[PDB]
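Asker: pasting the structure only:
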Ligand SMILES: O=C(O)C[C@H]1C=CC(=O)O1
Ligand SMILES: O=C(O)C[C@H]1C=CC(=O)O1
Ligand SMILES: O=C(O)C[C@H]1C=CC(=O)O1
Ligand SMILES: O=C(O)C[C@H]1C=CC(=O)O1
Ligand SMILES: [Mg+2]
Ligand SMILES: [Mg+2]
Ligand SMILES: [Mg+2]
Ligand SMILES: [Mg+2]
């Protein structure tokens, strides 16, 4: 085919971050991305990104294993295939490859980028058409210090950078974590929306009490308070919690979205291209949530500009994202591999109408930071 | 915008059929279509079709009211809008217009046709990319006579036209309808798949027995045996019936698909663009079904070539249609408004790769049959 | 520590098989194992095995990615740790590594082997004590030809090798697969137990009928007929099926076992060390099943002698394995890396009381077949 | 066998306590233990303990009937059996003896002690390996006087003996018991965790109100508020109670643990070797709880040092005991039969790495207190 895939190169890139990022299960000291360079017979190159958090501390795919599986199994299946038929290409992978959603997400992102350049259309238009040009972007406070977090949030407000804050908790004693969250919301008052993410850290026995306290203290959303494995517990917590509960880790594929909606495990779903298998699969998960009356949140696995924009282009097509987005990955990185970073201003991420993902590689940064 | 919608004309067309088509609630003596001609500033015209069965005997929208609502409410909302952004256009309609899925389906079909011509791509590619070029097509036997039906099916087999037969029942006494179906399957044996559609005609009290008899006599699928209103009954029948049950009328929007899947009301879903609001909405319903492990069937409201191809292009992108399709509408019509009819041969409908819906109007037929 | 782990080497070994093995999603032409060589400060070496089927066609871990993740993440965490405290070592991995059960299984197997040699006890005794010395072993028929399968089963009976047969179906047309299974059971009659494994291939719409037919034709067990994602469907099938349903792919961790038991998704559970994270985790899954009144089956991912014996030693401690085992992996391989193969005779696998896994490496075979 | 069991002697020992211990159904004025002395052919003696509370006021086994059933049924089954294969020995008992979990617990404890001495390993290592050397120990306040309880708790805090307090209620008027608990928590404030145990005393009609009041007054956990027989009620209370509910009496075997988890009867499970049938069975119950996302608590039936250490060794292997333990039995006894008592300091019980249960009998105390 004139648009046959000729090569797929995966590159692991280690990039510095602006500060330690403390999650319940892991403390980030930097970030590692897997860049995908997909080249086609018509001379077009598509760029994609597969990124996770903390090696294997978050999910079963590491940047290392993502490269291994793409090089050994994905490339052989796609090289020679028509790059202009994305649905057929991704279904070809689906029939021979189980799981590996992070790898698939990066691959589809690259195909979409190339197809966008091929047709001279931004990805958002390839996916149906945008209904907005900007997306609201929350900011995560996870320094591990209450005083530092409050100061940081106040500055982001003054800079008109962020007005929605996500607090990482679950690593310490429940009451200390609760006091921490309450103190932050008290300091910010009505000037900002404060939410929390427990990253599955709590047992239902703890969550049933903690959610009541948070809801009674101005916390707007409680993300994945308990293990995705306590299916019945998540359903019960949705009933006892006065604050809405959002599912994140509970979604590891489109089918999980349906089952969670069927069971009533959460009233809001985080949408992550890495967890669903790319922008298109993520839109199917969004369709399921919408059909069930479940709110949407534009999630991230802390991707750099490529993965962030791939996510953004899909979100631009959604009717509504009631709970906004957390597409701040590029801002946590002190250095990224894009020639021009995404545009952030006035509490939003602004997406252009340039072809594909509307970005280009910074060859110097790639050369220095690639492993 | 360069692709602004300049006009939308709705035309009611009354066309002759090859023979009376007897459904449980109505007997068709002909067919009426609503043609949509959408013209854009860049000189491109998109064609769409909104068609139903028996006036108001099947659904709440008649060809007459579809024209009324499109002319009075849809056109005012779309004229002047960018035709190249289909998602924004359909969402604009969704925010101001409740229901009217048949009208919406015709409108989106026209927009897709125009966009396909605009980019020089068939609709199937606009929707992501085809994974097949042909679709298996079933045939409905509904003459009202057992001997006639058997003869007709045998001929369709000999002509290599159809090998899957759908039998319309529910208008007569249950046992007489059952004998009718059993006699047909007995005569055809393993040379064909025989299924039935009761069009909601039976009460659960009757269906619980009838489904057992049909399943025990070689009937492969039982379509909408009871009222969509007996929600609990459909769930119970899925358990007592040895033959799979398919939901059709139970789906009147994407959200219904989710609720039916949540409740376990059917193991197979019929996919109709008219019932969901167009090809794109139908793909969302398909995504929900797939995520729930529910089989897919390419349904029809007996549309002519335009509506049939709009449906076909969407179905070409589905990973699998386990229960095939019933896209035979153009074959039931003795006359259609296409210059070249869809290609049917060797038990399938063959879809080309021509731009848009790959069709053109027969001006002479349109002029003579338009109301 | 005196028993500190000094090194962990992972070796990918490609071995020939006796014949093509056709599963619903993949056709095996050979087999690849990941050998784990764990050496301790006290001069003891423990051997473990992490093996899967068809690259990524079966699960999300490939032999390639298993090596990548063990070398990059597991080794760093364990080197220097006390090898004699297996629970602490495996929990150390669990707190930093998500998923990767296949890798974990191989690691724990190696630790158990080393600990057995260290104490001069077979693994079965380290795990509590055996209650049997032999395990019944089924045989899978998957040549893709009915005549060939019947002949093969008859020979295994005559050789007193196997009397329980597992038939792989789901790749072809349902009725053809059903005829295939029925013909085999008809030919063998009461001389053997015939079961099937659909490897998630069927939709519930198909399974609800197929299970009835199989149960009515002498088929003793139906393994994973539908997708693990159709949670509600598996529960419904357990009620409509006259033949017991066994969960396999539905179990990807110990927690899944609990949820399946809670929901009533299957009446029998396959026990696979690779799917649970090693012999010890598998015994926890067995404990859950037993507590729920669910039958046990000793499963396999087609491991060679090392993985097969690691599985066997755990199964020797179970009170009862009502549905026997399928520990025939070493028999499907024309060549393995053990100096002395496991002992198979009179329909059983016979496990010795030698220290650890009671095996040693064949250096010549390892050298020739290692990648 | 070289390690054949040659004799099993059961000895009832009546020991003085430090003060009356008032439970909802009984007031303890002393404590009675059943010591098990199991001697093997290799000259090794294993010690075990089967102890309950208040004769038959708590459970169906009394110290008297435990001795009767062990002497008449257990001994005959085990004498002559290989003591080094604990799993086979306990399964041999399970196939011929129904219930009698207290007796079984003492027997397995003795076998583990002997096996530990045989291999020169502490029981915790026989069970897989410890992940901690110390266990947090709560203290029960049950003098029947509010002023006395507050003073006692304050002293235990000052002595760095205990900082978690369990209050026995249910014997008096609900409001008086509630005032009692609230006054104690008020006096201790944040310096201690206060929990209650109602020992099944309340009717659901009372519990639904009382749990709300306790949860709203700083009470951290509510143990078995109602009858284990009101299965549906326990499930309902888990939803209405703002404080987590723990199941104790509801667990009388491993299977009960599964059923309670399936039904959602409690969010925390008390782990008692006497109620499950020994350390090993208790670890299976813990595995079920963990798989269900249910918190763990190290429970006691007020055993002396032998039974307390048997429990402790098992708990040392658990990944996490979110709700700590109540292994204070030896502290309630003014006299025990151990030559050296367990080590309690700085809010914890410290377990050594000595072989077996790491203890020896005080021949003088045994001689004087044995019945
Ligand atoms: O929250 C997660 O699970 C992943 C990621 C999203 C933002 C962030 O701070 O971490
Ligand atoms: O069956 C329906 O409900 C509508 C239509 C589909 C084919 C047919 O014969 O009628
Ligand atoms: O059946 C599976 O899923 C895996 C494996 C077990 C035996 C066999 O033939 O394949
Ligand atoms: O609470 C029980 O049911 C039994 C025991 C545990 C400690 C205590 O004080 O009594
Ligand atoms: Mg999260
Ligand atoms: Mg119908
Ligand atoms: Mg299987
Ligand atoms: Mg209690």
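Answerer: Alright, I've got the coordinates. Numbers count the residues shown, from 1 in each chain, chains lettered A, B, ... in the order given. Ligands and ions are numbered 1, 2, ... in the order given.

Asker: Would you mind measuring from the residue nearest to residue A:139 when sequence neighbours are not counted to residue D:336?
Answerer: Counting by Cβ to Cβ, 6 or more residues apart in numbering or on different chains, the nearest residue to residue A:139 once its immediate chain neighbours are dropped is residue A:162, at 3.8 Å. From N, CA and C alone the C-beta is placed, and that goes for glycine too. Residue A:162 sits 62 Å away from residue D:336, going by Cβ to Cβ, to the nearest Å.

Asker: for residue A:9, same thing?
Answerer: Distance check for residue A:9 against residue D:336: by Cβ to Cβ, it reads 71 Å.

Asker: what does residue A:217 give?
Answerer: 48 Å.

Asker: mind checking the longest helix of chain A?
Answerer: helix A:101-119 (DSSP state H).

Asker: at contact distance from chain B, anything in the very next helix or strand once past that helix?
Answerer: Going down the chain from helix A:101-119, the next helix or strand is helix A:123-126, by DSSP states H and E. Yes: on the criterion Cβ under 8 Å from any Cβ of the partner chain, helix A:123-126 is in touch with chain B at residue A:125.

Asker: And stretch A:134-148, what's buried?
Answerer: Using 16 or more other Cβ atoms under 10 Å in any protein chain shown as the test for burial, stretch A:134-148 gives A:134, A:135, A:136, A:137, A:138, A:139, A:140, A:141, A:142, A:143, A:146.

Asker: any idea how chain A splits into domains?
Answerer: Using curated CATH domains, the domain parsing of chain A gives A:1-120+A:357-370, A:121-356.

Asker: Put together JSON lines for the ones you listed, with distance to residue D:326 on each row.
Answerer: As requested, the domains of chain A are exported to JSON lines (distance: least, Cβ to Cβ, whole Å):
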{"stretch": "domain A:1-120+A:357-370", "distance to residue D:326": "28"}
{"stretch": "domain A:121-356", "distance to residue D:326": "16"}
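
Asker: Just want the residue of chain A that's nearest ligand 5.
Answerer: Ranked by Cβ to the ion, the top residue of chain A for proximity to ligand 5 is residue A:248, at 3.6 Å.

Asker: helix/strand/coil for the residue most central in space within chain A?
Answerer: Most central in chain A under Cα atoms, centre = their mean is residue A:300, positioned 1.5 Å from the mean C-alpha point. Following DSSP: H, G, I helix; E, B strand; the rest coil, the label given to residue A:300 is coil.

Asker: Point me to the residue of the stretch 251-371 of chain A nearest ligand 4.
Answerer: residue A:265 (34.0 Å; Cβ to the nearest ligand atom).

Asker: Give me the phi and psi angles of that residue.
Answerer: phi -80, psi -20 (degrees, to the nearest 10).

Asker: Now for the residue of chain A found nearest ligand 7: which residues touch it?
Answerer: Ranked by Cβ to the ion, the top residue of chain A for proximity to ligand 7 is residue A:98, at 13.3 Å. Contacts for residue A:98 (Cβ atoms under 8 Å, 6 or more residues apart in numbering or on different chains) come out as C:56, C:57, C:58, C:59, C:60.

Asker: and which of these is nearest to residue A:24?
Answerer: Closest to residue A:24 out of these is residue C:60 (23.7 Å), distances taken as Cβ to Cβ.

Asker: and the closest one, that's in a strand?
Answerer: No: counting by three-state DSSP, residue C:60 is not found in a strand; it is coil.

Asker: Stretch A:322-342: how far from the chain's middle?
Answerer: How far stretch A:322-342 lies from its chain's middle: 10 Å, per Cα atoms, centre = their mean, to the nearest Å.

Asker: Would you mark the buried spots in it?
Answerer: Buried, per 16+ other Cβ under 10 Å, within stretch A:322-342: A:323-333, A:336-338, A:342.

Asker: picking that back up, now for the residue of chain A closest to ligand 5: which residues touch it?
Answerer: By Cβ under 8 Å, 6+ apart, the contact set of residue A:248 is A:197, A:199, A:223, A:224, A:270, A:272, A:299.

Asker: Partner strands of the host helix or strand of residue A:31, with direction?
Answerer: Per DSSP H and E: residue A:31 is located in strand A:27-40. Applying DSSP bridges, strand A:27-40 is found paired with strand A:5-22 (antiparallel), strand A:45-51 (antiparallel).

Asker: just those strands: most buried one?
Answerer: strand A:45-51 (a mean of 27; mean count of other Cβ atoms under 10 Å in any protein chain shown).

Asker: what's the angle between it and helix A:101-119?
Answerer: In terms of direction (axes from the mean of the first three to the mean of the last three Cα atoms, to 10 degrees), strand A:45-51 departs from helix A:101-119 by 160 degrees.

Asker: Point me to the residue of the stretch 51-200 of chain A nearest ligand 6.
Answerer: The nearest approach of the stretch 51-200 of chain A to ligand 6 comes at residue A:87, 28.0 Å away (Cβ to the ion).

Asker: Now do the strands in chain A.
Answerer: Under the criterion DSSP state E, chain A contains strands at A:5-22, A:27-40, A:45-51, A:134-136, A:139-141, A:164-168, A:193-197, A:222-223, A:245-247, A:268-271, A:295-298, A:343-345, A:348-350.

Asker: and the longest one, is it in reach of ligand 5?
Answerer: The reference is to strand A:5-22. No: when contact is scored as Cβ under 5 Å from the ion, no part of strand A:5-22 falls within range of ligand 5; the minimum is 12.5 Å.

Asker: follow-up on the earlier one: okay, among the buried residues of stretch A:322-342, which ones form the most distant pair?
Answerer: The widest separation within these (Cβ to Cβ) is 29.2 Å, between A:323 and A:337.

Asker: Any chance you could list what contacts stretch A:173-181?
Answerer: Counting by Cβ under 8 Å, 6+ apart, A:146, A:149, A:167, A:169-172, A:194, A:196, A:202, A:206, A:210, A:213-214, A:217, A:219 sit against stretch A:173-181.

Asker: quick one: which of those sit in helices?
Answerer: Per DSSP H, the contacts of stretch A:173-181 map to helices at A:146, A:149, A:206, A:210, A:213, A:214.

Asker: re earlier: now render the strands of chain A as JSON lines, adding distance to residue D:350.
Answerer: Output for the strands of chain A, formatted as JSON lines (distance: least, Cβ to Cβ, whole Å):
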{"stretch": "strand A:5-22", "distance to residue D:350": "32"}
{"stretch": "strand A:27-40", "distance to residue D:350": "31"}
{"stretch": "strand A:45-51", "distance to residue D:350": "45"}
{"stretch": "strand A:134-136", "distance to residue D:350": "54"}
{"stretch": "strand A:139-141", "distance to residue D:350": "39"}
{"stretch": "strand A:164-168", "distance to residue D:350": "34"}
{"stretch": "strand A:193-197", "distance to residue D:350": "37"}
{"stretch": "strand A:222-223", "distance to residue D:350": "38"}
{"stretch": "strand A:245-247", "distance to residue D:350": "40"}
{"stretch": "strand A:268-271", "distance to residue D:350": "44"}
{"stretch": "strand A:295-298", "distance to residue D:350": "47"}
{"stretch": "strand A:343-345", "distance to residue D:350": "54"}
{"stretch": "strand A:348-350", "distance to residue D:350": "55"}
